[PDB]
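> here is the sequence, then the experimental structure:
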Amino acid sequence: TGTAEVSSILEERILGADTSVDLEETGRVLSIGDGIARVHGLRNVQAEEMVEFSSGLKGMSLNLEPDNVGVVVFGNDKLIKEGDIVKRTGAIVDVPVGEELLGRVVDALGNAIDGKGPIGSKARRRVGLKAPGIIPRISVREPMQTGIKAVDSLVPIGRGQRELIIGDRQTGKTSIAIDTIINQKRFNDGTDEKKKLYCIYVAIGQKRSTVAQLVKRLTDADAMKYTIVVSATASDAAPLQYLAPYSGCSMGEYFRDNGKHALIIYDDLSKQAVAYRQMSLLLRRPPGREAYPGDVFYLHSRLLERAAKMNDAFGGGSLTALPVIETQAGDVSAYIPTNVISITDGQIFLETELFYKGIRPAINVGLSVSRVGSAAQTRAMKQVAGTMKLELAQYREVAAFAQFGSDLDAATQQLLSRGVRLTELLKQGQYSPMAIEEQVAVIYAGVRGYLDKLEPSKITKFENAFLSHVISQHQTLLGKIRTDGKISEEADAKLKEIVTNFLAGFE
Amino acid sequence: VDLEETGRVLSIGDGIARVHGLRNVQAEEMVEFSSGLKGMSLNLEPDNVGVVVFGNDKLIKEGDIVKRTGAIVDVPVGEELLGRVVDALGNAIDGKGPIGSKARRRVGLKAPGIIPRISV
Amino acid sequence: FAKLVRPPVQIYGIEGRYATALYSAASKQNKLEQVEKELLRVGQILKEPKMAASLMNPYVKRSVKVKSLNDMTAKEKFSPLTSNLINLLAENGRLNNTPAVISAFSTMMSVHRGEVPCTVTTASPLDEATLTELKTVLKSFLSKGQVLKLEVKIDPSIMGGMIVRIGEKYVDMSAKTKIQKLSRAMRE
Amino acid sequence: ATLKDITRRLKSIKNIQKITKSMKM
Amino acid sequence: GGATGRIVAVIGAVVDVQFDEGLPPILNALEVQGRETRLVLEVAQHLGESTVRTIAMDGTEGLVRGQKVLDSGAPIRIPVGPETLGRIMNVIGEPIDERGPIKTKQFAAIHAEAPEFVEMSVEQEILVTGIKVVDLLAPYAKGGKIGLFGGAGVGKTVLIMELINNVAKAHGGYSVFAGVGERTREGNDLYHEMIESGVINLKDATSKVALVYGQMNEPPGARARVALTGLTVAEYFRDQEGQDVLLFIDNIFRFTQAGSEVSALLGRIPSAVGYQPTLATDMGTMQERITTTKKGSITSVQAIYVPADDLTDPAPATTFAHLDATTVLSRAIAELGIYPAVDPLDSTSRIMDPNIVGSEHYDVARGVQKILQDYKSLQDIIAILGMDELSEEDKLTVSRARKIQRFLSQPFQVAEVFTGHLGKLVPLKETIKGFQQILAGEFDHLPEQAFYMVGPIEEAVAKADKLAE
Amino acid sequence: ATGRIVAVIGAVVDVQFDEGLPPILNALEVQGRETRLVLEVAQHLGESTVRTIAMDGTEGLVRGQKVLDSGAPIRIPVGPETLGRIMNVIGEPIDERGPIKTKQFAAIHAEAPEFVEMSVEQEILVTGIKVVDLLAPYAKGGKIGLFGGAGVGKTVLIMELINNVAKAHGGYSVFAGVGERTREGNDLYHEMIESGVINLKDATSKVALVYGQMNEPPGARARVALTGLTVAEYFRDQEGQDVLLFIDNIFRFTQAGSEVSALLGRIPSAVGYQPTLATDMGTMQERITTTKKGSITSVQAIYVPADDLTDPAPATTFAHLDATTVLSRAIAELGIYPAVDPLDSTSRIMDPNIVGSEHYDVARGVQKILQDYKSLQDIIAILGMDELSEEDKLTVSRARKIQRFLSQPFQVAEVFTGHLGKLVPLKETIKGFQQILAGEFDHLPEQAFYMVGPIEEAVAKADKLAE
Ligand SMILES: Nc1ncnc2c1ncn2[C@@H]1O[C@H](COP(=O)(O)OP(=O)(O)O)[C@@H](O)[C@H]1O
Ligand SMILES: Nc1ncnc2c1ncn2[C@@H]1O[C@H](COP(=O)(O)OP(=O)(O)O)[C@@H](O)[C@H]1O
Ligand SMILES: [Mg+2]
C-alpha cells in the first residue's frame, strides 16, 4: 500500500545495489499527478526547497512522507514525465530584490515578464522569512494617504500597518488601490525621503489582460517609480500563484529594511488561498473547513504580519499591507474574510448598494473601521475628519427616518440635510486622487456648513469649482495647510473669508 | 511476556491504544495499563485490540505492558458508597479514605424486560 | 526507470508487487529456478517457531530483525537476489507477507513452466482408467507446449458430475446444471 | 429552510421594522 | 512514437492504461482500437508501473481488461483551416454533420499556453449589438471576454441567438460557435437557422461560422475538452489568419461539471461545494487562452450557466473574475415579465468609462442604475403601506423608474414566436436619447405599458397613441 | 534521547525514535537550526514514531535530522523574576533585555487541581471598580470574560484591573495574548510601560507577558494560554496569591486548537472545530480554578463569530464563564469611560446567598432603576406625557445621577489627565449606591457624580461646584 513501493524501484533495489543515482542530490520522478510530483530520492533535500526538473523546469518541494518528497511543479505539467531526474538547487527559493525592480512588471520567481529587458537585481532575499518581532517594530507614526476622501477622512491608513480592502466583486476595490498608487506621484516627485514611496501591486490569479490594463493605467498616469507589479495570473500554475504575495512582500521587506517606506496591494488574496487549497488537497493534506486546510490562517498571518513601522534604530522603514478580498454576496462570515479580518489592523468595507445608489467610490461604511484611524492623520484632517465622522455617525442612524423626513421636526431635518451634503462630498471621480490639502479644504467647507442651503445635485459641481478656485487663486493657503500640517486660526479665518465670498459668488 | 493474557501498546494516539496480541481478552473488558491506568478493550481485530483508556494518554508510552483484569467493565457498588464523592470508575476522590465496597456491579448490563417492570 | 521485465501472470496486491519485482530481477539475471528454490527454502525456514516468533513479535527492534535475517542469509549463503529480497522485506516490515510473496512467485514460476491448474469434479470417487483417459483428452484439449496439473474433488450433492475448469474456461456437463437449464426452461 | 431564503426573509423584516419605526415617529 | 499499451481498468472516462515501453506525457491522446468506432483518451497522471490515468470521451460500454491502445504524440490534434467552416465537428476532430471527411492540409493541437504578457492587446473599443440594456448599461468590447450569466429558463439561449444573428451577420470576418454541453435540439435549430439565414453555405466555401458542438450526453472528457476545441479553431482564425474573429461559447458550466465528474472518479479530494480543486487553475488556462492578442483580435461571448440562480457558486464567481463585461440574466424580472430578465444592477463593464464611451452615455447609464437601485428600497417602503405616503417626488421617481424598467425590454428578432411581436433594431444614439428623454421628464404622463415592448422612443409614442386613441 | 526527523508538514513533523521514547505531550529540541526548534510529541505509530506539532517555521528541515529529547512536557522559566518580561511558549524572552534569570522552572502541560485541593467558599473577588464590584462582581477562581473591542477602553480597564488587584490584594498578574497581533502587542507593551504597570527600571512591575503571536503556527498558539497559566500557577502554588490570568482572546485559543487537530489528521467536529474542543477547554479552564492556597482568576477577552451565541467555541466558553462584563461605546458616547454595560453583564455570583442580602438588594435596585430609566427614556424621547409624572422625573434624575456615578477616574489615566485615580472598596460602593437610591442625595446636581471615586467625594464635588 506504500507510495514508494513500486516494482521499478524495488527491482532496481534488489537486482543489485545501485549507488549510482546517488539518491540524495538527485531523485527520480515517481507518480506525477495533476500538478504535483511525488519524487523518490532527495534524502538531503530540506523542506520548502526549490528543486529543478530535467525538462528545464523548477518546482518547490514540500511533503517528505518518510520515503517521498512532495514537489509541486512551477509550471505546466504536460512536460514532466515519470522517471525524470530532479536536481537540488540547494536553497529555499529566493526573490531578486533591489531598487532596479522598479517600473518593471515581474513574475513571482522574480523574472521579467513584460519583455522590456531583464532585471538588474544585486541581491536576492530569501522568501518566507520570519516577521520582525515586538521590539524592532513600532506603531503607525506616519499618515498613509489614499487620496480617497472617504478613506483618508473616516478610515485613514497608517504608514506602518495593514488595511484590508473588502467587498463584493466589481465594487470598487481595485480602483481604490490604483488611486492609492497614483496619489503617491506628488510625494515621489520631490524631496523628503520619509515621504517618497514604493508601491507593489501583487496580482494573484487575475486575467492577464487586466494586468496589462493596470500597467497601462499606471504608465499613462506615470506611476512607475514607486511601483513594482508582481503578476501571477490565472493561466499560471497553482504554486506560482501561491508564492506571488511572499515575493512582493519580500521586495517590500527589502524596501523597509533600507530605511525607505513601502506599501503592497495584494489583489485577490482570496485567490491565493484558493491556489493553496488546490495544491494542498492534491498533496492530500487533510482539509479543514470549506476544504481549506489547517494552516490557512497561519499562511495569511505569516504573509500579512510583515507590515509594521520600524524603530529609529532599524532605519525608519515602514510597510503598509493592503489585502483585497472578494466576498460572495456580503458573506463576511466565510472562512477567508473572517481569517483576514481577524489578522488585519483595519478594514475598508464596500457594501454595493451604495455603488449602485450612486455614491462612488463605493466605500459603504458602518461596518468599515480602522483600529488606529485617528492617530494616523495630519492634524488638519484629524480635526475636520473627527467632526465629520461624528456628524455622519449622527446621520446614518436616521436615514430610514429621512425617507419620511419631510413631516418630522426641524432638528432632525437639519442633521439629515448636513449628512446628505457630507455624504455627497465623499464621492469622488475614478483615477483622480485628491491631495490632503484640497480635501481638507472641501471637507472643512462641509463641516462648517456653507453647503446646507445648496441643492443636493449641485454639491459635486461646487466641489469641482471649489477645487479649481482654490488651486488657481489661493496656492499659498494650501501651502500653509501642507507645511504647517494643520489649520492654525489664520487658515481658519482665511477659509471663513474665501468660502463666504465664493458662496456669495457661486451661481 | 505472554501474548495470551498480556499485550504491548503498538500505537496510542488520540484516544485509542492499539495493543498487540492479548489473545485471551474478551470484548468490552476493563484491561489495565502498567501506568496504573484502566481502559476498556473495544473492537477486537485479528492483529490488535482497541482499548480506550480511562484517563489521559500522557501517562502511556509505546510498548507499555498491558494486562487483563479478567472481568467485564465494573464499578464498585453498595450502601458503603453512600455519603461520598467517587470517580467514574469507583475510586473515592474526596480524600477521606477508601471505599468499603464488597459487591461489584457491571457497568453495561441491559435494562429489564417488560415483565419484571411494573409501572410508576 | 529501468525496463521492468513482464511476468506471465500479473499477481496483484502487495505480495504480487514484491513478486513481480523479484521476477523481473531474476529474469534479467536469468537464475529464475535458483531464486525459486531459494525462496522455497526461506519459506521452510520462517515456519520454524523460534524464527517466526522472533519476527512476528514487535519490540524486537527492527534493526535487530534486519541483522538477524542478514546473519541467517550469511550463514546459509543465499544468492544475491533473495538476500536483498529478504533484506527489503525486513526493512519495510512486511515479513508478515513473505509466505504470500513466496506463494505468488511460486504461482508465477509455475505458469512460467507452463502448467495449467485444472479442476475436475466427477462428484463421485472415480477410477484410474477414467482419470487416464480424462488426462489424455484434457492434455490434448488445453494447448500446445503446456503441461497440466489437475486436481479432483468430490461431493454427493451435485448429481452426475464432470465439471472441468481448465485455464478460466469452464465446461460444465453436470447433471445438476442440466436440471437447472431445464428448470429455467420449464418455469417459463 | 435554505440559507438564501432566510437571508431574504431577514432583509425583508429588518426593512419592515425600520419603516415601522419611521411610521411610529 | 506510436507506442502501444494495455487498458487494464475501466470506469467511464477514467481508464487506467499500463505502459512499459513508451510512456506518453500528461494531456495526451490515446487511440483505443477494438471498437468499431475510434476511442480517444486524454492522458493524465502516470501513477506507476507506468500508468496513465486517462479520461475516455466516448461511452466505455464494452472495453476489455487488457486492450491494445496506440500512443501518438498529440495533446489532441484536430483538422483546422478555412475548410472547417460550414461543418460541425466534435472534440476528437471528426465531422458529425454526415458530409464526408474534412479535407484540410494543416492540423492544430488542443493544448497550448496562454500566449505571453507582452502580446496582450491594450485597446478597448465599444461594441454595439443593438440591444438596449446591453448598449447603455453594459456595453460590449470588440476584443473582450463578454459573459452573460443566468439560471435555467432566464433567456441565455435566446440572447445568444440574438447576438449570433445581430452580430455574426454584422461581421465581415469569421465566427466560431462552441456548443459545450448544449442540448441537441437548440444546437440543431442553430444549425438549421444558420443554413437558412445563409451564414452557412452548403454549396461552396462562402461560409463564415465554424461550428464545434459536443452534445450534453457525452462522457466528461468529451464535454470538458470541446470548449478547448472551439478555442483552438478560433485561435487559428486569430493567430495566423489575420482576421477579427468572434467565438460564442455556450455554456461554460458543463466544463466545470465535467471536471467535477472526472475529479470524483480520478482520485482527487473534493474541494468546496463539490467541484474539483483545480477549478480556478483549469478554467484560468482555458479562459486566458481566449483573449485578444497583438497578432489578431478575438471577441468571445460566453453563455455561462449558474445552478438555480446561485451566483456564489465558486465556478460562476471565478468566471466573473475572468470576464470583461458580464450581463446577469435574472429570472425575477421575467416573473415581472421583462425579457430577458436582465440584471444591469449586477452587470459589469470594463468599457464603461467617461473617456471610452462618452460623458452623455455614462451619465445616462449611471442615472438609470441610480434610479433603479433607489426603486428597490423605495419599493420596500411601498410594500407595507402602499402608494399613499411616499411624497410627490418619491412617487414621481417610483413611477419614472418603473417606466424605465419597462423600457429596458426589447423584442428580439429571433424571439418573434414567444411573444408574437416582430422585433426591432435599436442603435446606440437612439438608446441614449430615449433614456435621457425619460430621465429628462418628457414622458411622465404616458402609462407604463406604452414603454413595454418597444424599440426606439418613436415606437413608445406610437404604442401610446394606439392605447389612447 | 536522539531521534531523527523523517517527514515534515509545517507544525506536523514526525520523529522516528529507535530507543527510549518520550511519552505523549512532550518537548523535543530540533538541533542544527539557528534557533531552537521545539516540537511536541504525540503519536507513537511504530519504529517509535511520534507526530510532533512543530512550533516555528519548518523550512530547512531534512530527512534523518537529529532530534534531542528533553523529557519534560515543556519547561518554561517561572518566578518573580518574570515580571515585566515578554516570553513566548518555548519560555524564551522576546523583549530583548537578556534572559529571564530565575531559579525554578515549571512544566506546561500540567494537570487540574484535585478535588481535595479546592475551595468550597465562593469569596467575592473585589476589583475596586464601582460598576464591576456592584453589578457584575468577580470571583476568586472565576473564569470571567469581557466583551470589548477597539474604541472602548479595554486596555485601560485591563491595566486598572492589574493595579487594583496588585494594590488591594497582594497578587501579581499575567497577560497571555493568544494570537496577539504584533502591532497591538507592541502598543500594549508600550502602554503598560508608560502607565507604570511594567517597570523597566527596577523590580516593581506587576504583570508577566506571554505573547503568542499570529505569525507562529497553531501548535505555538494553542500553548500560550497554557504557558501564561503555568506562570500564574507558579504564583498560585508557591506564594498563595490572588492572581489574574488575562487571556486576550479565547476564540483564537479555540481556533489554534482547531487548526492543530486539523493538521493532525483528525476528522473535524461540527461547525468546523475540533472534536477535542470541550476537553481542551476543560483542561485549561479547570486549571484556572481556585485552590485552597491561591486564587488564580482569568479575565479573558472573547470573540463571538458571526455575532452568534450557539457557535461551539462560545458554547464551551460560556459553559465555563462566570461574569461576562460588557464593554461598549453607547455609554462611552454618554461620556462614561469605559462603557461597561451591566444590563448585558449577567454574573453568576450575583446571588444574596453568596454576596449578601445588602449587596444583592442594592444591585437589584440599581439594575431595576436603570431598566426603568431606559423605558422612560424611550417615552421621554418620543414625548408622550413629556415628563410623565413626578415619579418619572424622580427616577430619571436618580438614574441619570447613577449613570454619571458609575464612572470612576482611573489611576492608569492619571499620567495625562489630572483626574486622580481612586480605588473604591466594596463597602463604599454599597454605601454610595444605597444612599443614592434612598433619596438622601436628591438635592445634588447630576454633574457632581461624574468621575468621582467614593460618595463623600461626590458630596465635596457638589460643594465645590456650588460657586
Ligand atoms: N468611480 C469609480 N469608483 C470606484 N470603482 C469604480 C468606479 N468606476 C468603476 N469602478 C469599478 O471598479 C472595478 C475594479 O475592478 P475589481 O472590482 O477589482 O474587479 P473584480 O470584479 O474582478 O473584483 C471595475 O470593475 C469598475 O467597474
Ligand atoms: N426577448 C425575448 N422575448 C420573449 N421571450 C424571451 C426573450 N428572451 C428569452 N425569452 C424566453 O426565454 C426562454 C428560453 O430560455 P433559454 O434561453 O433556452 O434558457 P437558458 O437561459 O437557460 O438558456 C423562452 O421561454 C423565452 O420565452
Ligand atoms: Mg478585480
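Right, received. Where do you want to start? Residues are numbered from 1 along each chain as shown, chains lettered A, B, ... in the order given. Ligands and ions are numbered 1, 2, ... in the order given.

> C-alpha from now on. contacts and neighbour counts both.
Fine.

> and residue A:452, how far is that from residue A:405?
Counting by C-alpha to C-alpha, to the nearest Å, the gap between residue A:452 and residue A:405 amounts to 16 Å.

> meant to ask about residue E:433
According to C-alpha to C-alpha, residue E:433 and residue A:405 sit 34 Å apart.

> distance of whatever residue of chain D ends up closest to ligand 1 relative to residue A:291?
Here chain D gets closest to ligand 1 at one residue, residue D:4, 21.8 Å apart by C-alpha to the nearest ligand atom. Shown here: residue D:4 relative to residue A:291, a distance of 21 Å by C-alpha to C-alpha.

> who's more crowded, the two?
residue A:291 (21 against 10; other C-alpha atoms under 10 Å in any protein chain shown).

> what residue is smack in the middle of the chain?
As the question left the chain open, I've gone with chain A. The centre of chain A sits closest to residue A:265, judged by C-alpha atoms, centre = their mean, with a distance of 2.2 Å.

> look at chain D instead
Note: chain D centre (C-alpha atoms, centre = their mean) maps to residue D:13, 1.7 Å.

> did I read that right, that one in a helix?
Yes. Assessed with DSSP: H, G, I helix; E, B strand; the rest coil, residue D:13 lies in a helix.

> quick one: it from residue A:226, how far?
49 Å.

> and the residue of chain C nearest chain B?
residue C:59 (7.3 Å; C-alpha to the nearest C-alpha).

> for that residue, give me phi and psi.
Backbone torsions of residue C:59, given as degrees, to the nearest 10, read phi 60, psi 30.

> which non-adjacent residue is nearest it?
Closest residue to residue C:59 apart from its sequence neighbours, by C-alpha to C-alpha, 6 or more residues apart in numbering or on different chains: residue B:63 at 7.3 Å.

> near chain F, which residues of chain C?
Taking C-alpha under 8 Å from any C-alpha of the partner chain as the contact definition, chain C meets chain F at C:61, C:62.

> which residues of chain C fall in helices?
C:14-28, C:32-45, C:49-56, C:63-76, C:82-92, C:98-113, C:128-142, C:175-187 (DSSP state H).

> any idea which of these is most buried?
Of those, the one with the most neighbours on average (mean count of other C-alpha atoms under 10 Å in any protein chain shown) is helix C:14-28, at a mean of 24.

> got the angle between that one and helix C:98-113?
If you take axes from the mean of the first three to the mean of the last three C-alpha atoms, to 10 degrees, helix C:14-28 sits at 50 degrees to helix C:98-113.

> by contact count, what packs against helix C:14-28?
Applying 3 or more C-alpha pairs under 8 Å, 6 or more residues apart in numbering or on different chains; DSSP states H and E, we find helix C:14-28 packed against helix A:7-14, helix C:32-45, helix C:98-113.

> of those, which is nearest ligand 2?
Of all the helices and strands packed on helix C:14-28, it is helix A:7-14 that lies closest to ligand 2, at 51.4 Å by C-alpha to the nearest ligand atom.

> show me what the helix or strand that that closest one is followed by is packed up against.
Following helix A:7-14 in sequence order, the next helix or strand is strand A:26-28 (DSSP states H and E). Here strand A:26-28 touches strand A:36-41, strand A:85-88, going by 3+ C-alpha pairs under 8 Å, 6+ apart.

> chain center to the shortest one: distance?
A distance of 36 Å separates the C-alpha centroid of strand A:85-88 from that of its chain, computed with C-alpha atoms, centre = their mean, to the nearest Å.

> for the very next helix or strand once past that strand, packing partners?
Where DSSP H and E defines the elements, the next helix or strand beyond strand A:85-88 is strand A:94-97. The contact analysis (3+ C-alpha pairs under 8 Å, 6+ apart) places strand A:94-97 against strand A:123-126, helix A:244-257.

> who does strand A:94-97 pair up with?
As defined by DSSP bridges, the strand partners of strand A:94-97 come to strand A:123-126 (antiparallel).

> okay but the residue nearest to the centre of chain A is in contact with residue A:323, surely?
Yes. Using C-alpha atoms under 8 Å, residue A:265 is in contact with residue A:323, at 5.8 Å.

> pick out the residue of chain D closest to chain F.
residue D:25 (7.4 Å).

> and that residue, how far from residue E:419?
For residue D:25 relative to residue E:419 (C-alpha to C-alpha), the value is 48 Å.

> torsion angles phi and psi at residue E:411?
Dihedral angles (degrees, to the nearest 10) for residue E:411: phi -80, psi 120.

> now it: closest residue in space that isn't a chain neighbour?
residue E:423 is the one closest to residue E:411 (C-alpha to C-alpha, 6+ apart), at 4.4 Å.

> confirm that the one you found sits in a helix.
No. Using three-state DSSP, the secondary structure at residue E:423 is coil, not a helix.

> tell me, how many residues neighbour it?
Residue E:423: 16 neighbours (other C-alpha under 10 Å).

> how about residue A:91?
Here the number of neighbours of residue A:91 (other C-alpha under 10 Å) works out to 15.

> got phi/psi on it?
phi -150, psi 150.

> cool, residue A:288 as well?
Dihedral angles (degrees, to the nearest 10) for residue A:288: phi -90, psi -110.

> quick check: domain ranges of the chain?
No chain was given, so I picked chain A. Following curated CATH domains, one finds the domains of chain A at A:1-91, A:92-377, A:378-507.

> looking at chain E here, not the other one
Split by curated CATH domains, chain E gives E:1-75, E:76-351, E:352-469.

> out of these, nearest to residue C:3?
Residue C:3 lies closest to domain E:1-75 among the domains of chain E, at 7.0 Å (C-alpha to C-alpha).

> can you give me the distance of the residue minimising distance to the centre of chain C to residue C:9?
The residue lying closest to the centre of chain C (C-alpha atoms, centre = their mean) is residue C:107, at 3.1 Å. Noted for residue C:107: a distance of 8 Å to residue C:9, by C-alpha to C-alpha.

> what of residue A:361?
From residue A:361 across to residue C:9, the span is 72 Å (C-alpha to C-alpha).

> more crowded one of the two?
Neighbour count, other C-alpha under 10 Å: between residue A:361 and residue C:9, residue A:361 has more, with 23 against 16.

> surely that one is in contact with residue A:353?
No. Counting by C-alpha under 8 Å, residue A:353 is not a contact partner of residue A:361; they are 11.8 Å apart.

> contact partners for residue A:61?
A:47, A:48, A:49, A:50, A:51, A:69, A:70, A:71, A:72 (C-alpha atoms under 8 Å, 6 or more residues apart in numbering or on different chains).

> number of residues surrounding residue 10?
Chain wasn't specified; assuming chain A. Neighbours around residue A:10, by other C-alpha under 10 Å: 21.

> switch to chain D, please.
Residue D:10: 12 neighbours (other C-alpha under 10 Å).

> would you say it is within a helix?
Yes. Judged by three-state DSSP, residue D:10 forms part of a helix.

> show me which residues of the stretch 1-150 of chain E are close to chain A?
Near chain A, when you scan the stretch 1-150 of chain E using C-alpha under 8 Å from any C-alpha, you find E:23-27, E:44-50, E:113-114, E:116-118, E:120-122.

> out of these, which end up buried?
For the residues of the stretch 1-150 of chain E next to chain A, a burial check counting by 16 or more other C-alpha atoms under 10 Å in any protein chain shown picks out E:23-27, E:44-50, E:114, E:117, E:120-122.

> hmm, back to that, quick one, which of the helices of chain C gets closest to residue E:364.
helix C:14-28 (72.5 Å).
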